[PDB]
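A.B. asks: Would you mind keeping the following structure in view while I ask a few things?
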Amino acid sequence: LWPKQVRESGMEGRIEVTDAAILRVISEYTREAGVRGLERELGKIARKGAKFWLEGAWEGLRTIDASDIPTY
Amino acid sequence: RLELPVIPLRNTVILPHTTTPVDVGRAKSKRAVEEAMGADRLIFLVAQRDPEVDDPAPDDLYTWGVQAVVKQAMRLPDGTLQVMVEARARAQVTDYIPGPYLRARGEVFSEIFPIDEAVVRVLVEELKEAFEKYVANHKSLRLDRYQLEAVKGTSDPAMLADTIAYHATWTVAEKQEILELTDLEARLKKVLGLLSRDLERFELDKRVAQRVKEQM
Amino acid sequence: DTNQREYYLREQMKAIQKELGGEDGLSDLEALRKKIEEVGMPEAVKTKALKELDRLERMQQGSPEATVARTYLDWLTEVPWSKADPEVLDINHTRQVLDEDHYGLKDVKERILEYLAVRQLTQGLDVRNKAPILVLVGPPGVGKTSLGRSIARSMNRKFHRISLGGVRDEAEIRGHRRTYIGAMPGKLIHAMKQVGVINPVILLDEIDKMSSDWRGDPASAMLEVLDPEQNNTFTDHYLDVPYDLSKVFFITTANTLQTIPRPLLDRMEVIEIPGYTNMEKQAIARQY
Amino acid sequence: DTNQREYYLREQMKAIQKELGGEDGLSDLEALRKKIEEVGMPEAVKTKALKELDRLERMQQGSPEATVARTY
Amino acid sequence: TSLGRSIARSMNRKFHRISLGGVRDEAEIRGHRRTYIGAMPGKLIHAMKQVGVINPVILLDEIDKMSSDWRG
Amino acid sequence: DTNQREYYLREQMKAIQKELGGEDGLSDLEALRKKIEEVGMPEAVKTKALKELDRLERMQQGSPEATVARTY
Amino acid sequence: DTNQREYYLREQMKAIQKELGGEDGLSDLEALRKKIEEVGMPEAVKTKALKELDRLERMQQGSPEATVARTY
Amino acid sequence: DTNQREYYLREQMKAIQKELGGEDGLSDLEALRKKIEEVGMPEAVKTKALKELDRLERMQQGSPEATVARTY
């Protein structure tokens, strides 16, 4: 999924998404019997990332964790 | 040479080595005809297609020209001036004065005869064969072709190009270009390419005509 | 010499077609035929212009045949191909333009900033979307045309409305067979015919009140248009080669989040348009 | 006499939309004609292709036969 | 139309009134197609030509009764 | 012979149809040629009028394009 | 004399109109339009009736409700 | 003699339909007319086969009474 989502946005090499993050996502942002809700939420993360980078580059490596959730 | 009133041609194409009646009935040009025949019988001919006025304008005339020494002094100011002049050597344009009258120099009045004759008469014979096959497809668009066959002794190639180039009607303005050109081989290959596109579109017309009959 | 003969045959067809046919626009038809080579347009479009060029030469009645060919040449050379606005590369400049609209309320203007922030970050060695158009929804008076107006300012593009209230047919979406006059395309080709760029904006109006009650689904052709590559293959009933509708940005106004047709509930992103406060509306009546 | 002249000139229309149709009336007809003689297919199906072959070489404003036959 | 007559007089102009009731097409709103004689313009042009001033007053009658069947 | 008769019937239709009234008089061309210049129209209306003025004066009763231009 | 020349003309009009399939045989949608106007009714009947005249001519008469409209 | 006449129609109609839009009708009309009169059949077959022999030589598109005839 997440490689396709950094293919959607264009944050190739920009994004670190760990997997406690993915646990937080499925436990909090999608309760369905598929993969589509994960496309939607990881799309929200991808879009908010492109916003935070084009306004200014703080780093080249961006750690998304279980702690930056209601910001993306 | 010997600055003249200028006669803007838009309806008569003269020949070198042959008399041609000039038909000028426009009011500001027939005075130039009278004053040029009073200019020791010398007439300076430059055509125009830039919008047709009776003024000798430097913006309407080209940079190419032709001479005309007068062979019959007649003017008829009650209508179109009937005058027969002749060219014996073509010219160019050197001067421009806003008219009336435009004062301009041409070239000298003399006879021109070819030095080389071999490649000259080869291209003359090719052009005569081209006219005599084109005038066969010009039978529907009829023009008499005895007028070339009586002047076969004249081996002047630019004069015969002025003749055959006159004896085929594709565009009067390009015939004014050719009639006023200095260069002879350029006007010869030009008339060859014109007979080329003419006979090629004749054959395309025959193709479409048989196409139509078969569709019938 | 051959082209002299060929354009000579074109002069023959002009000489004949100014003798018969519907002729009070047939020299205009000749200009649009001349405008085929003059409007920058694709070679599939140049080839369908060769097709209608061999549907020209109407050496028959002024009955609709010449007229429908004139209209086809009109819709050719007046829906612009190959012409475009130099876009802005910035969301900072876009925010500079949205400093002036209704102040922009700082709720949805940042969402538009998101959606353009990813789309001033277009990668893939192209411009891919794989994305919605970010549809809008609210009561009608609020700044639908105004917000889209400011965004068209921001990109230095143009803004334009075409409406879809009370539409029910793909016959209203797509046109019909150009075999009689009165055949035209649907709305969208005319909306593009209004602008002179292949990168305009279109504002779709009231699309939840497009309620299909006859043959054909408009929602079918509209979800075709909403798909970011099927628009690039989208064509109507009137036309041959599909207009490249991938270079065209879109935006859409509706009012109901529930009467929207169902495949349109994908390829979509809702931003619910607000019902403004008194103080901001007052500020508008004071300042603008 | 008028409608005679009218038929005469619309024959000119068709034959000058033809323009030596060995090339074609419009040249893309013999580009899809070679998909007959260059695509390996069964004999009855290519036989009805060869029977459609004799109905080819038509324009659009004239006969709309290759209009469907190319697509076929 | 009483109000309209005294409008044109009170404007010192010319009053003219025509009907747009029942119109379905561009036959009486716009003119007919230019490919035939018997194309006559909209009634609006009629109101123009029949009256004489650059500043007329035109009255459009039964405007709630114009709809569409053909010609948009 | 019967289809040639039906042909002849449908053209006797139009021959009877053009009867019952005929247009003559050629001073109307002078009248309208004046009234274009003798009704001072703006360059929109004087331009379209000069177009119809240049279009005519070859026929205005004959060809179906110059007739509706004459009524125009 | 005017009525008599127009009588010759209308004579030959009916003479040609006769031998052309009997005025479409007075086809079905002609006579359906007739019968509403051939019976004097309240006027809103004629309104919704020519309405439902226009509501046809778009289905195939396999329609299980627009046929019910034809019955109405 | 009736069979000889149907043979002559069988021969001439396939000789002409083999050159024409009977190629789109596949010329199976006078190929399966051989099953009408050129195979030993009962008078039931001859009766029905005449009833759809009259349905030979037809148009080939738009609800064809030729293809259902040869099928019959």
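Chain lettering (A, B, ...) mirrors the order of the structure tokens, residue numbering begins at 1 for each chain separately, and ligand numbering begins at 1 in order of display.
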Give me the least-squares superposed chain D (reference chain H; all C-alpha atoms paired in order) as an mmCIF file with N, CA, C and O atoms, in the first residue's frame.
C.D. replies:
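out-v2.cif was written with the following content:
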data_model
loop_
_atom_site.group_PDB
_atom_site.id
_atom_site.type_symbol
_atom_site.label_atom_id
_atom_site.label_comp_id
_atom_site.auth_asym_id
_atom_site.auth_seq_id
_atom_site.Cartn_x
_atom_site.Cartn_y
_atom_site.Cartn_z
ATOM 1 N N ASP D 1 -37.988 -0.061 -76.515
ATOM 2 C CA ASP D 1 -36.624 -0.569 -76.645
ATOM 3 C C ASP D 1 -35.808 -0.281 -75.389
ATOM 4 O O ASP D 1 -35.022 -1.131 -74.936
ATOM 5 N N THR D 2 -36.052 0.886 -74.781
ATOM 6 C CA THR D 2 -35.398 1.266 -73.538
ATOM 7 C C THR D 2 -35.754 0.328 -72.394
ATOM 8 O O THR D 2 -34.864 -0.175 -71.702
ATOM 9 N N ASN D 3 -37.043 0.071 -72.185
ATOM 10 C CA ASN D 3 -37.441 -0.774 -71.065
ATOM 11 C C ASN D 3 -37.081 -2.236 -71.308
ATOM 12 O O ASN D 3 -36.869 -2.994 -70.351
ATOM 13 N N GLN D 4 -36.978 -2.641 -72.581
ATOM 14 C CA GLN D 4 -36.375 -3.931 -72.915
ATOM 15 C C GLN D 4 -34.947 -4.016 -72.398
ATOM 16 O O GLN D 4 -34.568 -5.002 -71.746
ATOM 17 N N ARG D 5 -34.142 -2.992 -72.699
ATOM 18 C CA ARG D 5 -32.765 -2.957 -72.213
ATOM 19 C C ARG D 5 -32.713 -2.920 -70.686
ATOM 20 O O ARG D 5 -31.827 -3.526 -70.062
ATOM 21 N N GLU D 6 -33.684 -2.237 -70.075
ATOM 22 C CA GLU D 6 -33.786 -2.163 -68.623
ATOM 23 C C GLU D 6 -34.031 -3.529 -67.999
ATOM 24 O O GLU D 6 -33.399 -3.873 -66.988
ATOM 25 N N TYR D 7 -34.918 -4.324 -68.603
ATOM 26 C CA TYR D 7 -35.158 -5.676 -68.109
ATOM 27 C C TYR D 7 -33.932 -6.553 -68.299
ATOM 28 O O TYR D 7 -33.623 -7.394 -67.444
ATOM 29 N N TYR D 8 -33.246 -6.373 -69.431
ATOM 30 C CA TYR D 8 -32.016 -7.100 -69.731
ATOM 31 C C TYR D 8 -30.988 -6.902 -68.629
ATOM 32 O O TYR D 8 -30.461 -7.867 -68.057
ATOM 33 N N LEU D 9 -30.801 -5.657 -68.219
ATOM 34 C CA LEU D 9 -29.760 -5.394 -67.242
ATOM 35 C C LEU D 9 -30.206 -5.711 -65.819
ATOM 36 O O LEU D 9 -29.373 -6.039 -64.976
ATOM 37 N N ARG D 10 -31.498 -5.647 -65.510
ATOM 38 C CA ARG D 10 -31.851 -6.052 -64.151
ATOM 39 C C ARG D 10 -31.882 -7.572 -64.018
ATOM 40 O O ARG D 10 -31.686 -8.109 -62.919
ATOM 41 N N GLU D 11 -32.050 -8.286 -65.133
ATOM 42 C CA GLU D 11 -31.697 -9.701 -65.139
ATOM 43 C C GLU D 11 -30.213 -9.915 -64.885
ATOM 44 O O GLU D 11 -29.841 -10.878 -64.197
ATOM 45 N N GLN D 12 -29.364 -9.038 -65.436
ATOM 46 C CA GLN D 12 -27.940 -9.118 -65.116
ATOM 47 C C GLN D 12 -27.694 -8.867 -63.632
ATOM 48 O O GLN D 12 -26.854 -9.532 -63.022
ATOM 49 N N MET D 13 -28.428 -7.912 -63.047
ATOM 50 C CA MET D 13 -28.399 -7.656 -61.605
ATOM 51 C C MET D 13 -28.685 -8.911 -60.798
ATOM 52 O O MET D 13 -27.936 -9.254 -59.877
ATOM 53 N N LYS D 14 -29.763 -9.612 -61.139
ATOM 54 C CA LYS D 14 -30.143 -10.785 -60.359
ATOM 55 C C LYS D 14 -29.142 -11.924 -60.546
ATOM 56 O O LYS D 14 -28.728 -12.568 -59.575
ATOM 57 N N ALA D 15 -28.691 -12.146 -61.780
ATOM 58 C CA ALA D 15 -27.790 -13.268 -62.026
ATOM 59 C C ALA D 15 -26.365 -12.993 -61.562
ATOM 60 O O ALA D 15 -25.563 -13.926 -61.437
ATOM 61 N N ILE D 16 -26.021 -11.729 -61.331
ATOM 62 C CA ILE D 16 -24.679 -11.401 -60.874
ATOM 63 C C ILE D 16 -24.698 -11.116 -59.371
ATOM 64 O O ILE D 16 -23.667 -11.141 -58.692
ATOM 65 N N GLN D 17 -25.890 -10.943 -58.804
ATOM 66 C CA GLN D 17 -26.059 -11.196 -57.378
ATOM 67 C C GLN D 17 -26.169 -12.689 -57.099
ATOM 68 O O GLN D 17 -26.112 -13.115 -55.940
ATOM 69 N N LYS D 18 -26.337 -13.493 -58.152
ATOM 70 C CA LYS D 18 -26.323 -14.942 -57.993
ATOM 71 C C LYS D 18 -24.893 -15.480 -57.953
ATOM 72 O O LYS D 18 -24.478 -16.060 -56.943
ATOM 73 N N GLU D 19 -24.130 -15.281 -59.040
ATOM 74 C CA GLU D 19 -22.745 -15.728 -59.198
ATOM 75 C C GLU D 19 -22.539 -17.210 -58.946
ATOM 76 O O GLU D 19 -21.895 -17.568 -57.951
ATOM 77 N N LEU D 20 -23.089 -18.054 -59.831
ATOM 78 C CA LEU D 20 -23.012 -19.512 -59.750
ATOM 79 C C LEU D 20 -23.639 -19.980 -58.442
ATOM 80 O O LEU D 20 -22.936 -20.270 -57.468
ATOM 81 N N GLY D 21 -24.973 -19.958 -58.380
ATOM 82 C CA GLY D 21 -25.668 -20.169 -57.117
ATOM 83 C C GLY D 21 -25.652 -21.591 -56.578
ATOM 84 O O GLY D 21 -26.432 -21.927 -55.683
ATOM 85 N N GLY D 22 -24.798 -22.456 -57.127
ATOM 86 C CA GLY D 22 -24.482 -23.699 -56.438
ATOM 87 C C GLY D 22 -23.816 -23.447 -55.099
ATOM 88 O O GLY D 22 -24.070 -24.152 -54.117
ATOM 89 N N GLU D 23 -22.930 -22.443 -55.051
ATOM 90 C CA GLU D 23 -22.483 -21.912 -53.770
ATOM 91 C C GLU D 23 -23.658 -21.325 -53.010
ATOM 92 O O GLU D 23 -24.062 -21.873 -51.979
ATOM 93 N N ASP D 24 -24.159 -20.177 -53.494
ATOM 94 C CA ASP D 24 -25.518 -19.620 -53.488
ATOM 95 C C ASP D 24 -25.453 -18.233 -54.119
ATOM 96 O O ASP D 24 -24.375 -17.784 -54.522
ATOM 97 N N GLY D 25 -26.602 -17.564 -54.249
ATOM 98 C CA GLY D 25 -26.579 -16.128 -54.477
ATOM 99 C C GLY D 25 -25.950 -15.382 -53.318
ATOM 100 O O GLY D 25 -25.223 -14.405 -53.514
ATOM 101 N N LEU D 26 -26.232 -15.827 -52.095
ATOM 102 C CA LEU D 26 -25.435 -15.489 -50.927
ATOM 103 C C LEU D 26 -25.380 -16.738 -50.057
ATOM 104 O O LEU D 26 -26.410 -17.339 -49.745
ATOM 105 N N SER D 27 -24.162 -17.088 -49.620
ATOM 106 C CA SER D 27 -23.821 -18.479 -49.304
ATOM 107 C C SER D 27 -24.514 -18.999 -48.044
ATOM 108 O O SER D 27 -24.461 -20.199 -47.751
ATOM 109 N N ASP D 28 -25.183 -18.123 -47.294
ATOM 110 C CA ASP D 28 -25.779 -18.531 -46.027
ATOM 111 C C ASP D 28 -27.096 -19.272 -46.232
ATOM 112 O O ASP D 28 -27.690 -19.773 -45.271
ATOM 113 N N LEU D 29 -27.578 -19.339 -47.475
ATOM 114 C CA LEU D 29 -28.846 -20.008 -47.742
ATOM 115 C C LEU D 29 -28.713 -21.520 -47.636
ATOM 116 O O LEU D 29 -29.654 -22.204 -47.213
ATOM 117 N N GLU D 30 -27.554 -22.064 -48.005
ATOM 118 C CA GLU D 30 -27.346 -23.506 -47.927
ATOM 119 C C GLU D 30 -26.767 -23.897 -46.577
ATOM 120 O O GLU D 30 -26.520 -25.073 -46.311
ATOM 121 N N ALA D 31 -26.567 -22.913 -45.702
ATOM 122 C CA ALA D 31 -26.168 -23.171 -44.327
ATOM 123 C C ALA D 31 -27.415 -23.404 -43.488
ATOM 124 O O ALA D 31 -27.402 -24.191 -42.536
ATOM 125 N N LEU D 32 -28.501 -22.715 -43.843
ATOM 126 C CA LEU D 32 -29.780 -22.967 -43.190
ATOM 127 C C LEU D 32 -30.568 -24.027 -43.943
ATOM 128 O O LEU D 32 -31.592 -24.519 -43.452
ATOM 129 N N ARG D 33 -30.114 -24.380 -45.149
ATOM 130 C CA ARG D 33 -30.723 -25.497 -45.858
ATOM 131 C C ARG D 33 -30.347 -26.812 -45.203
ATOM 132 O O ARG D 33 -31.118 -27.775 -45.240
ATOM 133 N N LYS D 34 -29.165 -26.880 -44.598
ATOM 134 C CA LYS D 34 -28.758 -28.147 -44.009
ATOM 135 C C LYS D 34 -29.393 -28.347 -42.641
ATOM 136 O O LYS D 34 -29.380 -29.458 -42.103
ATOM 137 N N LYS D 35 -29.998 -27.298 -42.077
ATOM 138 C CA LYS D 35 -30.865 -27.505 -40.923
ATOM 139 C C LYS D 35 -32.138 -28.251 -41.292
ATOM 140 O O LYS D 35 -32.758 -28.857 -40.417
ATOM 141 N N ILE D 36 -32.532 -28.250 -42.567
ATOM 142 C CA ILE D 36 -33.547 -29.206 -42.995
ATOM 143 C C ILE D 36 -32.999 -30.625 -42.916
ATOM 144 O O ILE D 36 -33.555 -31.474 -42.206
ATOM 145 N N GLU D 37 -31.883 -30.895 -43.591
ATOM 146 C CA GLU D 37 -31.447 -32.272 -43.765
ATOM 147 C C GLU D 37 -30.563 -32.775 -42.637
ATOM 148 O O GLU D 37 -29.911 -33.811 -42.805
ATOM 149 N N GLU D 38 -30.505 -32.069 -41.508
ATOM 150 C CA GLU D 38 -29.653 -32.449 -40.389
ATOM 151 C C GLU D 38 -30.330 -32.326 -39.023
ATOM 152 O O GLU D 38 -29.658 -32.498 -38.003
ATOM 153 N N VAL D 39 -31.631 -32.040 -38.970
ATOM 154 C CA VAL D 39 -32.346 -31.874 -37.707
ATOM 155 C C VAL D 39 -33.476 -32.894 -37.628
ATOM 156 O O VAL D 39 -34.342 -32.943 -38.509
ATOM 157 N N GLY D 40 -33.469 -33.704 -36.564
ATOM 158 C CA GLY D 40 -34.421 -34.789 -36.394
ATOM 159 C C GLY D 40 -35.771 -34.350 -35.871
ATOM 160 O O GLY D 40 -35.898 -34.009 -34.694
ATOM 161 N N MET D 41 -36.788 -34.370 -36.741
ATOM 162 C CA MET D 41 -38.114 -33.777 -36.574
ATOM 163 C C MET D 41 -39.203 -34.683 -37.172
ATOM 164 O O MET D 41 -38.888 -35.604 -37.934
ATOM 165 N N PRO D 42 -40.490 -34.479 -36.836
ATOM 166 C CA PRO D 42 -41.533 -35.375 -37.361
ATOM 167 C C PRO D 42 -41.798 -35.197 -38.846
ATOM 168 O O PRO D 42 -41.468 -34.173 -39.446
ATOM 169 N N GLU D 43 -42.475 -36.201 -39.414
ATOM 170 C CA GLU D 43 -42.494 -36.381 -40.863
ATOM 171 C C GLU D 43 -43.413 -35.389 -41.560
ATOM 172 O O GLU D 43 -43.115 -34.951 -42.667
ATOM 173 N N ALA D 44 -44.553 -35.051 -40.958
ATOM 174 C CA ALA D 44 -45.423 -34.065 -41.595
ATOM 175 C C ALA D 44 -44.830 -32.669 -41.482
ATOM 176 O O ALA D 44 -44.929 -31.859 -42.413
ATOM 177 N N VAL D 45 -44.175 -32.386 -40.360
ATOM 178 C CA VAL D 45 -43.581 -31.071 -40.160
ATOM 179 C C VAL D 45 -42.318 -30.939 -41.001
ATOM 180 O O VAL D 45 -42.082 -29.919 -41.659
ATOM 181 N N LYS D 46 -41.515 -32.000 -41.059
ATOM 182 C CA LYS D 46 -40.378 -31.961 -41.967
ATOM 183 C C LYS D 46 -40.847 -32.095 -43.413
ATOM 184 O O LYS D 46 -40.145 -31.698 -44.339
ATOM 185 N N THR D 47 -42.068 -32.584 -43.625
ATOM 186 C CA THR D 47 -42.604 -32.669 -44.979
ATOM 187 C C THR D 47 -43.018 -31.296 -45.489
ATOM 188 O O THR D 47 -42.733 -30.939 -46.637
ATOM 189 N N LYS D 48 -43.662 -30.491 -44.641
ATOM 190 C CA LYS D 48 -43.891 -29.107 -45.045
ATOM 191 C C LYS D 48 -42.582 -28.321 -45.096
ATOM 192 O O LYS D 48 -42.469 -27.371 -45.881
ATOM 193 N N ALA D 49 -41.559 -28.756 -44.353
ATOM 194 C CA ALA D 49 -40.217 -28.217 -44.575
ATOM 195 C C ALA D 49 -39.688 -28.576 -45.962
ATOM 196 O O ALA D 49 -39.106 -27.731 -46.647
ATOM 197 N N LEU D 50 -39.902 -29.816 -46.401
ATOM 198 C CA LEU D 50 -39.418 -30.245 -47.712
ATOM 199 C C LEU D 50 -40.232 -29.622 -48.839
ATOM 200 O O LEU D 50 -39.773 -29.542 -49.984
ATOM 201 N N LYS D 51 -41.465 -29.223 -48.544
ATOM 202 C CA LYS D 51 -42.253 -28.498 -49.529
ATOM 203 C C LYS D 51 -41.845 -27.034 -49.581
ATOM 204 O O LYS D 51 -41.974 -26.389 -50.627
ATOM 205 N N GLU D 52 -41.339 -26.500 -48.468
ATOM 206 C CA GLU D 52 -40.754 -25.164 -48.489
ATOM 207 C C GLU D 52 -39.371 -25.193 -49.136
ATOM 208 O O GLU D 52 -38.869 -24.161 -49.599
ATOM 209 N N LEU D 53 -38.746 -26.379 -49.165
ATOM 210 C CA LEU D 53 -37.411 -26.562 -49.743
ATOM 211 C C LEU D 53 -37.363 -26.204 -51.222
ATOM 212 O O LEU D 53 -36.360 -25.665 -51.706
ATOM 213 N N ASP D 54 -38.436 -26.484 -51.952
ATOM 214 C CA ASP D 54 -38.430 -26.224 -53.385
ATOM 215 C C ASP D 54 -38.600 -24.742 -53.684
ATOM 216 O O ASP D 54 -38.327 -24.296 -54.803
ATOM 217 N N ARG D 55 -39.041 -23.968 -52.697
ATOM 218 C CA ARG D 55 -39.205 -22.534 -52.857
ATOM 219 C C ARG D 55 -37.971 -21.754 -52.428
ATOM 220 O O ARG D 55 -38.024 -20.523 -52.354
ATOM 221 N N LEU D 56 -36.871 -22.436 -52.135
ATOM 222 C CA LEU D 56 -35.687 -21.768 -51.621
ATOM 223 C C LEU D 56 -34.860 -21.146 -52.745
ATOM 224 O O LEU D 56 -35.342 -20.920 -53.859
ATOM 225 N N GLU D 57 -33.603 -20.833 -52.405
ATOM 226 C CA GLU D 57 -32.563 -20.291 -53.285
ATOM 227 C C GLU D 57 -32.947 -18.953 -53.911
ATOM 228 O O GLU D 57 -32.812 -18.766 -55.125
ATOM 229 N N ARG D 58 -33.411 -18.015 -53.094
ATOM 230 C CA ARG D 58 -33.800 -16.694 -53.557
ATOM 231 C C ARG D 58 -33.002 -15.635 -52.802
ATOM 232 O O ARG D 58 -32.501 -15.876 -51.700
ATOM 233 N N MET D 59 -32.875 -14.459 -53.410
ATOM 234 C CA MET D 59 -32.123 -13.379 -52.792
ATOM 235 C C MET D 59 -33.011 -12.586 -51.843
ATOM 236 O O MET D 59 -33.958 -13.100 -51.247
ATOM 237 N N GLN D 60 -32.650 -11.323 -51.659
ATOM 238 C CA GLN D 60 -33.519 -10.419 -50.923
ATOM 239 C C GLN D 60 -34.216 -9.424 -51.836
ATOM 240 O O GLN D 60 -35.446 -9.311 -51.794
ATOM 241 N N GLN D 61 -33.462 -8.715 -52.678
ATOM 242 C CA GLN D 61 -34.045 -7.764 -53.614
ATOM 243 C C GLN D 61 -34.756 -8.462 -54.762
ATOM 244 O O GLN D 61 -35.556 -7.830 -55.456
ATOM 245 N N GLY D 62 -34.495 -9.749 -54.962
ATOM 246 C CA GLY D 62 -35.314 -10.562 -55.830
ATOM 247 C C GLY D 62 -36.494 -11.095 -55.050
ATOM 248 O O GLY D 62 -37.248 -10.319 -54.458
ATOM 249 N N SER D 63 -36.664 -12.407 -55.035
ATOM 250 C CA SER D 63 -37.789 -13.006 -54.338
ATOM 251 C C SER D 63 -37.540 -12.999 -52.835
ATOM 252 O O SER D 63 -36.513 -13.518 -52.389
ATOM 253 N N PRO D 64 -38.431 -12.423 -52.027
ATOM 254 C CA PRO D 64 -38.255 -12.521 -50.577
ATOM 255 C C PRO D 64 -38.924 -13.756 -49.987
ATOM 256 O O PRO D 64 -39.619 -13.659 -48.968
ATOM 257 N N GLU D 65 -38.723 -14.919 -50.600
ATOM 258 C CA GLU D 65 -39.309 -16.159 -50.104
ATOM 259 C C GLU D 65 -38.478 -16.820 -49.025
ATOM 260 O O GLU D 65 -39.010 -17.169 -47.975
ATOM 261 N N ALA D 66 -37.174 -16.975 -49.244
ATOM 262 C CA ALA D 66 -36.315 -17.523 -48.204
ATOM 263 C C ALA D 66 -36.090 -16.509 -47.099
ATOM 264 O O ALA D 66 -35.647 -16.867 -46.002
ATOM 265 N N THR D 67 -36.390 -15.240 -47.393
ATOM 266 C CA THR D 67 -36.445 -14.173 -46.404
ATOM 267 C C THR D 67 -37.342 -14.534 -45.226
ATOM 268 O O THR D 67 -36.986 -14.296 -44.067
ATOM 269 N N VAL D 68 -38.488 -15.155 -45.496
ATOM 270 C CA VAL D 68 -39.305 -15.651 -44.400
ATOM 271 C C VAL D 68 -39.019 -17.127 -44.139
ATOM 272 O O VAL D 68 -39.133 -17.596 -43.001
ATOM 273 N N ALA D 69 -38.581 -17.868 -45.164
ATOM 274 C CA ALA D 69 -38.529 -19.325 -45.049
ATOM 275 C C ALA D 69 -37.387 -19.788 -44.159
ATOM 276 O O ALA D 69 -37.518 -20.800 -43.466
ATOM 277 N N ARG D 70 -36.255 -19.081 -44.187
ATOM 278 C CA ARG D 70 -35.163 -19.389 -43.270
ATOM 279 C C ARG D 70 -35.606 -19.214 -41.829
ATOM 280 O O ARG D 70 -35.361 -20.079 -40.981
ATOM 281 N N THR D 71 -36.298 -18.111 -41.554
ATOM 282 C CA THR D 71 -36.808 -17.835 -40.219
ATOM 283 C C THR D 71 -37.825 -18.881 -39.791
ATOM 284 O O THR D 71 -37.809 -19.349 -38.649
ATOM 285 N N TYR D 72 -38.672 -19.292 -40.734
ATOM 286 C CA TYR D 72 -39.674 -20.328 -40.516
ATOM 287 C C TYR D 72 -39.026 -21.652 -40.132
ATOM 288 O O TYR D 72 -39.331 -22.232 -39.083
#
A.B. asks: Can you tell me, as an MDAnalysis selection string, which residues in chain G count as helix (DSSP H, G or I) by DSSP?
C.D. replies: chainID G and resid 2:18 21:24 28:38 43:55 66:71
A.B. asks: Show me, as a VMD selection string, the residues that have an atom within 12 Å of residue 48 (chain E) when counting only C-alpha atoms, minus same-chain residues fewer than 3 positions from it.
C.D. replies: chain E and resid 14 to 18 41 to 45 51 to 59
A.B. asks: If you measure from CA of residue 53 (chain A) to CA of residue 129 (chain C), what distance in Å do you get, rounded to one decimal?
C.D. replies: 18.5 Å
A.B. asks: Could you please select, counting only C-alpha atoms, the residues of chain C within 12 Å of chain B and state them as a VMD selection string?
C.D. replies: chain C and resid 1 to 9 12
A.B. asks: Under the rule of at most 8 Å, produce a per-residue listing of chain C near chain A: chain, number, name, the closest pair of atoms, and the distance in Å, as JSON lines, using only C-alpha atoms.
C.D. replies:
{"residue": "C:92", "atom": "CA", "partner": "A:55", "partner_atom": "CA", "distance": 8.0}
{"residue": "C:113", "atom": "CA", "partner": "A:51", "partner_atom": "CA", "distance": 7.6}
{"residue": "C:114", "atom": "CA", "partner": "A:51", "partner_atom": "CA", "distance": 5.5}
{"residue": "C:115", "atom": "CA", "partner": "A:47", "partner_atom": "CA", "distance": 7.0}
{"residue": "C:117", "atom": "CA", "partner": "A:51", "partner_atom": "CA", "distance": 5.0}
{"residue": "C:118", "atom": "CA", "partner": "A:50", "partner_atom": "CA", "distance": 5.0}
{"residue": "C:121", "atom": "CA", "partner": "A:10", "partner_atom": "CA", "distance": 6.9}
{"residue": "C:122", "atom": "CA", "partner": "A:10", "partner_atom": "CA", "distance": 6.9}
{"residue": "C:123", "atom": "CA", "partner": "A:10", "partner_atom": "CA", "distance": 5.5}
{"residue": "C:124", "atom": "CA", "partner": "A:10", "partner_atom": "CA", "distance": 7.4}
{"residue": "C:129", "atom": "CA", "partner": "A:8", "partner_atom": "CA", "distance": 8.0}
{"residue": "C:130", "atom": "CA", "partner": "A:8", "partner_atom": "CA", "distance": 7.1}
A.B. asks: Would you mind writing down, as a list in words, each residue of region 46-202 of chain B that DSSP on the backbone assigns to strand (DSSP E)?
C.D. replies: residues 46, 47, 64, 65, 66, 67, 68, 69, 70, 71, 72, 81, 82, 83, 84, 85, 86, 90, 91 and 92 of chain B
A.B. asks: Could you state the separation of CA of residue 156 (chain C) and CA of residue 141 (chain C) in Å, given to one decimal place?
C.D. replies: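 It comes out at 24.4 Å.
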A.B. asks: Taking only C-alpha atoms into account, what are the residues of chain B at most 9 Å from chain D, put as number ranges by chain?
C.D. replies: B: 204, 207-209, 211-212, 215-216
A.B. asks: Counting only C-alpha atoms, which residue out of B:33, B:66, B:118, B:9 sits closest to residue 178 (chain B)?
C.D. replies: B:66
A.B. asks: Please provide the set of residues having any atom within 9 Å of residue 107 (chain B), restricted to only C-alpha atoms, with same-chain residues fewer than 4 positions apart removed, written as a ChimeraX atom specification.
C.D. replies: /B:1-2,66-67,89-93
A.B. asks: Could you list, as a ChimeraX atom specification, every residue of chain E that has an atom within 9 Å of an atom of chain C, counting only C-alpha atoms?
C.D. replies: /E:33-36,70-72
